């Protein structure tokens, strides 16, 4: 709770050594704040691969979601962190607050390699949202012909 807050702070800030210390003093790997945000959520969205691997090594839940339904995989894909995405798919279509999957995000923001790895790992191309937009629909709407082509 208190250490947990400090762990969320270090993970969000990218303090590999502070995370190392907090874990040494018994910090909870899966510490969740008010919004269900965990250290892995924060490390993934912030692009700190080293912390991501450490948390996973310590038993962090990869498929944890927040009140918005966002998983660490969704943030890594949303922020274009290919290497984190691969690690998260290494450890294991989850829809968000509007039915958007990590593939909707990668397509929306032109993360081609991420799209390739998601599809390579069983991403649902038919994933629909509230407006019935498939990741193909988002690729075309945002002018990502190339990623649309692979779809």
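Positions refer to the first chain, counted from 1.
**Q** Should the segment between residue 92 and residue 93 be described as having none, 1 to 3, 4 to 9, or 10 or more unmodelled residues of the deposited sequence?
**A** Unresolved stretch here: 1 to 3 residues.
**Q** Averaged over C-alpha atoms, is the B-factor higher for 6 to 14 or for 139 to 147 in this PDB entry?
**A** According to the PDB entry, the answer is 139 to 147.
**Q** Comparing 122 to 130 with 29 to 37, which stretch shows the greater average C-alpha B-factor in the deposited entry?
**A** That would be 122 to 130.
**Q** In this PDB entry, which of 67, 112, 49, 55 has the top CA B-factor?
**A** Among 67, 112, 49, 55, the PDB entry lists the largest C-alpha B-factor for 112.
**Q** C-alpha B factor of residue 42, ranked within the chain: lowest, middle or highest third?
**A** Answer is lowest: the recorded C-alpha B-factor places it there.
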